[PDB]
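Protein chains: 2
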Amino acid sequence: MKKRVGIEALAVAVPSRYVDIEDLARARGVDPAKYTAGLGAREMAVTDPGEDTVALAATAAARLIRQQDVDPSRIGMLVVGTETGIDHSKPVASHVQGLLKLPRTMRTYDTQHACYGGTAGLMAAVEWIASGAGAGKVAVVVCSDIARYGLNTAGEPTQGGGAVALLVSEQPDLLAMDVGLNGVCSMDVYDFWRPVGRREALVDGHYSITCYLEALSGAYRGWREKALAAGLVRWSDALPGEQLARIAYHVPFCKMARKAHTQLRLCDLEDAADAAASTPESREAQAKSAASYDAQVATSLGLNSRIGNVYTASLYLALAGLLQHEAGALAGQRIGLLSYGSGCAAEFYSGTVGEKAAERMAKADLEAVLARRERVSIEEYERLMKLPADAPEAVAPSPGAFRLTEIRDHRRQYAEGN
Amino acid sequence: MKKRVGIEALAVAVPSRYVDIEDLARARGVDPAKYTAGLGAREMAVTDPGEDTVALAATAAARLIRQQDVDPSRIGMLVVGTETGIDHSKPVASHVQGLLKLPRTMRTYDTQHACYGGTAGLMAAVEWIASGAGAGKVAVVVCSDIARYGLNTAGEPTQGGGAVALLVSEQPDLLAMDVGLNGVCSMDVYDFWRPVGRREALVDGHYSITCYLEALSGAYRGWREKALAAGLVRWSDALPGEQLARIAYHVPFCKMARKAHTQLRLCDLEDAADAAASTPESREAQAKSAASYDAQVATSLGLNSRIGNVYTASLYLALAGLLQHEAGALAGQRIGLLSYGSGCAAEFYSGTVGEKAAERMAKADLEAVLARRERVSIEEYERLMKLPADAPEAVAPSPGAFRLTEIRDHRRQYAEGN
Ligand SMILES: CC(=O)CC(=O)SCCNC(=O)CCNC(=O)[C@H](O)C(C)(C)COP(=O)(O)OP(=O)(O)OC[C@H]1O[C@@H](n2cnc3c(N)ncnc32)[C@H](O)[C@@H]1OP(=O)(O)O
Ligand SMILES: CC(=O)CC(=O)SCCNC(=O)CCNC(=O)[C@H](O)C(C)(C)COP(=O)(O)OP(=O)(O)OC[C@H]1O[C@@H](n2cnc3c(N)ncnc32)[C@H](O)[C@@H]1OP(=O)(O)O
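Which chain is which? The protein sequence lines are A and A', in order. A prime marks a further copy of an entry chain. Taking the authors' numbering, the leading residue of the first sequence gets 1, the next gets one more, and so forth. Taking the authors' numbering, the leading residue of the second sequence gets 1, the next gets one more, and so forth.
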């Protein structure tokens with residue numbers, strides 16, 4: 001009689017190539033430690049035009065269906081969160097439906113708000129099910145993006161690309177979400193944006209970090225109030241946020257997770273009924289606790305550090321990395337998730353990891369996904385960057401994966417790997 | 001103890017200018033009767049670059065809040081359905097939030113699937129509320145679009161523009177929606193699309209009509225099965241679809257509603273347990289019933305015929321025109337709605353018109369909205385069409401409305417009329 005809803009499983013797709021981030025530093029005249037220590041990066045996914053938003057989304061969604069033995073006719077919603085759209089009207093979701101040969105009894109659409117678009121679609125799918133409308137069916141929500149700032153830009157070492165496909169159902173083996181407890185904070189800003197007809201993003205980098213932390217603070221506080229009233233956390237000898245077993249954050253670069261966690265802890269320390277007894281110095285020293293970061297956040301960054309920013313998918317890659325190794329230990333425990341998108345909006349939500357989470361993550365076979373990639377030179381990365389969007393390289397997709405092959409008469413053509 | 005969810009109220013914004021459709025015919029060497037009788041058009045909204053997707057959406061949403069005395073701090077979701085997006089990352093919804101000076105505790109994002117994007121967002125808002133997550137709050141879903149096919153194209157006489165803002169709540173005075181009964185039908189097609197960097201749509205016009213009717217048939221049949229099982233309609237002396245008091249359809253051009261209604265009735269006639277006793281000729285003659293079209297559909301086209309296709313908003317302009325005059329008579333009666341977007345997806349859903357629907361429509365003051373417009377020449381429409389997107393005309397917005405004024409350093413600037 002206890003109904004549940006949330007994420008049942010996930011799958012990951014990554015571009016076929018990456019570069020070593022220290023190679024990028026040397027090519028840019030930058031100290032490699034700025035990237036490896038300052039940003040937390042190790043490897044950066046790079047793309048060619050054949051690895052477009054559709055190809056990556058379809059690869060991830062097809063992999064989800066195969067790895068988890070999803071019955072395609074049970075999918076009632078297919079949503080793609082992206083900020084790398086390829087048509088003003090025709091959604092990536094419709095291309096994915098066709099490439100996967102999915103049947104007709106489903107909503108299809110894309111959701112857009114920078115790196116928050118995937119979470120927006122996840123909540124639409126969750127609440128479709130939780131309203132009863134989706135009872136007996138599942139949704140697939142795919143976060144797919146290619147993050148491009150441009151050669152010789154400050155954002156360049158945070159680039160990346162890929163997709164995460166989420167299975168959403170009444171059997172949320174990965175994360176049984178606490179419906180209705182979300183905190184949200186949004187405001188109209190120009191921290192990061194990408195006008196139509198611009199291939200590379202515009203960004204005010206340090207301002208965008210301030211906006212992330214400001215929106216995080218509002219979203220987390222909103223969740224905390226509802227979690228307090230639902231009895232899930234208390235003001236005790238432990239801070240409210242310390243009672244979450246883990247917290248995953250949107251990862252534009254890996255060091256951002258430490259900034260975010262410090263800010264979240266500062267929200268508890270500033271808001272405690274006895275905060276007047278503290279100073280900025282004592283609060284910051286407690287908030288920055290290495291023990292808390294190590295216990296709640298550190299193990300969520302293994303995949304992100306090898307891929308880069310994947311915009312809508314970055315938070316879900318962090319969820320994936322966390323559960324990849326700790327799903328069994330986390331079963332029955334509640335964790336928190338912070339989604340941010342520039343523009344901007346943040347949402348903080350929680351859920352309980354399922355008993356079968358380890359099973360579902362084993363089937364995602366994520367080290368095999370990352371192992372199929374190949375390293376290229378910075379010179380080759382630059383050559384591929386300069387290719388127009390309609391000039392895919394002449395290479396076949398891996399088995400079950402997809403590539404854009406050409407655009408003919410304004411129609412995009414794809415190939416599936418044998 | 002009877003919980004309800006759906007559309008509480010709506011508001012409309014239209015561009016400041018229109019052309020007489022017979023003037024367009026004469027300028028194109030076309031028989032004006034092709035447009036007035038063949039398509040059902042009377043007046044076509046035309047825009048200048050200052051009437052962009054944001055300006056129209058913000059005008060409609062601000063008008064909703066003022067006309068319906070919405071408490072802005074009760075808005076927990078602001079979604080814009082559009083296929084006329086203006087940034088790859090930053091959503092129209094975030095601009096609308098800022099222009100309206102709305103507070104921070106809301107999700108913001110855009111939804112995309114051609115003319116289905118508004119309905120997708122409506123369902124996300126409805127199910128957010130119906131899941132319980134939105135209990136005590138409201139959503140605003142804005143359908144905003146400018147339909148542009150180009151000078152001397154077959155689609156040109158179906159152009160239009162505007163926005164409809166929907167208030168969604170537990171007090172659905174316009175339409176208490178039947179949660180969970182929706183029928184849906186989607187498939188990957190290239191009937192109509194608009195690649196990034198193309199200002200005008202691409203379309204295979206007659207194929208797009210076939211796709212609309214095919215998807216309508218699947219969506220309607222899906223709803224009908226669920227409505228039968230919920231006891232809302234029966235196979236009786238009346239066809240199932242005849243038991244809906246009215247049916248509103250996506251209106252790309254006004255004559256499309258008659259094609260759609262005929263197709264819906266054909267679905268009942270082909271599917272009746274005793275269909276073997278009929279012929280294509282006898283079914284078509286019954287399906288095309290003028291009495292049924294007059295009783296269920298005809299009064300939904302008054303606004304559409306004076307505006308044109310507004311993509312995501314067209315169905316909701318048809319809902320608006322229906323309730324503008326018949327809300328009191330329809331109170332307590334169930335009506336049907338068919339949303340279609342090219343690409344493609346259709347969804348058919350139903351709801352009951354509320355006792356206070358007439359009150360809410362009176363406050364929308366729709367004849368005043370349409371009366372503020374001015375007629376221009378085809379020559380002037382063509383001059384405005386040739387203006388680049390970053391070259392708004394130097395004209396002030398009407399009181400409470402918005403216009404794009406300029407793009408400076410890649411940042412869009414707006415003005416609010418005094
Ligand atoms: C974009 C989204 O996805 C949405 C969001 O999350 S917005 C928030 C995140 N924003 C982004 O990712 C925007 C895109 N990226 C950028 O604009 C830039 O990459 C950036 C602002 C993240 C950094 O660019 P930058 O100005 O060149 O680097 P800078 O801030 O000076 O240094 C970065 C770190 O490296 C440190 N560092 C520099 N050189 C170092 C060295 N030799 N050894 C060790 N550390 C070094 C710096 O001290 C700094 O550390 P802290 O953050 O701990 O203070
Ligand atoms: C786009 C969306 O919003 C999503 C959708 O709904 S897709 C479905 C609708 N598709 C569109 O609107 C696409 C954009 N529009 C178009 O492509 C075109 O405008 C169109 C296909 C709708 C019509 O273009 P066309 O080929 O030039 O017109 P054509 O089909 O020959 O004639 C239209 C009607 O006018 C009639 N007609 C022509 N001349 C006439 C005259 N002198 N007197 C009376 N009637 C006349 C025709 O007989 C026809 O009537 P029927 O539909 O009842 O048979």
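Built from N, CA and C at the ideal position, the CB exists for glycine as well.
Query, Result
"Residues that DSSP places opposite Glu374 (chain A) in a beta bridge", "A:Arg17"
"Environment of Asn309 (chain A) [buried if 16+ CB atoms lie within 10 Å]", "buried"
"Meets three-Cβ-pair contact criterion under 8 Å: the segment 133–147 of chain A and the segment 338–355 of chain A", "no"
"Cβ pair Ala125 (chain A), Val79 (chain A) closer than 9 Å", "yes"
"For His113 (chain A), the three-state DSSP class (helix, strand or coil)", "strand"
"Proximity test, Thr84 (chain A) beta-carbon vs ligand 4 heavy atom, cut-off 8 Å", "Inclusion of ligand 4 in the displayed structure is not the case, the ligand content consisting of ligand 1 and ligand 2 alone."
"Distance, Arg403 (chain A) Cα to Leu319 (chain A) Cα", "26 Å"
"Contact the segment 82–95 of chain A' vs the segment 36–53 of chain A': 3+ CB pairs below 8 Å", "yes"
"Start and end residues, beta strand (DSSP E) containing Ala163 (chain A')", "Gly160 to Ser169"
"Below-9 Å beta-carbon distance, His113 (chain A') vs any chain A residue", "yes"
"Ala396 (chain A) to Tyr414 (chain A) span [Cα, whole Å]", "11 Å"
"Neighbour list for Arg107 (chain A') in chain A, Cβ cutoff strictly below 8 Å", "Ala120, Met123, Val184, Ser186, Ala345 and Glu347"
"Exposure of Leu228 (chain A'), with buried meaning 16 or more beta-carbon neighbours within 10 Å", "exposed"
"Residue burial classification, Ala401 (chain A) (beta-carbon count within 10 angstroms, cutoff 16)", "buried"
"Those residues which DSSP pairs with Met77 (chain A') across a bridge", "A':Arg107 and A':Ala139"
"Within-9 Å CB hit, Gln97 (chain A') to chain A", "yes"
"Within the segment 247–322 of chain A', ranges of the beta strand (DSSP E) (whole runs, at least 3 residues)", "247–249"
"Chain-order list of residues whose beta-carbon lies under 6 Å from that of residue 431 (chain A') (same chain, five-residue window excluded)", "Shown here, chain A' extends from 1 to 418; a query on residue 431 (chain A') therefore has no answer."
"Rounded Cβ spacing between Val353 (chain A) and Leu330 (chain A) (contact assumed at less than 8 Å)", "4 Å"
"Residues of the segment 186–205 of chain A with Cβ closer than 9 Å to any Cβ of chain A', in chain order", "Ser186, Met187, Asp188, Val189, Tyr190, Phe192, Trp193, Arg194, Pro195, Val196, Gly197, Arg198, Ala201 and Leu202"
"Element boundaries [alpha helix (DSSP H), containing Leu99 (chain A')]", "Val92 to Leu99"
"Chain-ordered neighbours of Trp223 (chain A) on chain A', where CB pairs are closer than 7 Å", "Within chain A', no residue comes near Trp223 (chain A); the closest Cβ sits about 11 Å away, beyond 7 Å."
"Length of the line joining the Cα atoms of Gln324 (chain A) and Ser94 (chain A')", "35 Å"
"C-beta neighbour in chain A' for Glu406 (chain A), strict 9 Å", "no"
"Three-way DSSP call (helix, strand, coil) for residue 490 (chain A) in this model", "In the structure displayed, chain A extends from 1 to 418; residue 490 (chain A) sits before or after that span and is not available."
"Interface residues of chain A facing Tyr116 (chain A') [CB-CB closer than 7 Å]", "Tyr109"
"Under 9 Å between C-beta atoms of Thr82 (chain A') and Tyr249 (chain A')", "no"
"For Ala11 (chain A), the nearest candidate out of A:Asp23, A:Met106, A:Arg42 and A:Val142 (CA to CA)", "A:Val142"
"Bridge-paired residues (DSSP) for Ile129 (chain A')", "Per DSSP, none; premise fails for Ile129 (chain A')."
"Against chain A: residues of the segment 125–143 of chain A' by CB proximity under 7 Å", "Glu127, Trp128, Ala130, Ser131, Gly132 and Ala133"
"When A:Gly417, A:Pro392, A:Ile247 and A:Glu416 are compared against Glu406 (chain A), the one with the closest alpha-carbon", "A:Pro392"
"For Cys267 (chain A) and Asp20 (chain A), the rounded distance between their alpha carbons", "36 Å"
"Element boundaries [alpha helix (DSSP H), containing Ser208 (chain A)]", "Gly205 to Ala229"
"Local conformation of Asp87 (chain A) per DSSP, three classes", "strand"
"For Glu367 (chain A'), the nearest candidate out of A':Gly302, A':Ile378 and A':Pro252 (CA to CA)", "A':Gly302"
"Beta strand (DSSP E) runs contained entirely in the segment 6–61 of chain A, provided each spans 3 or more residues", "6–13, 17–20 and 43–46"
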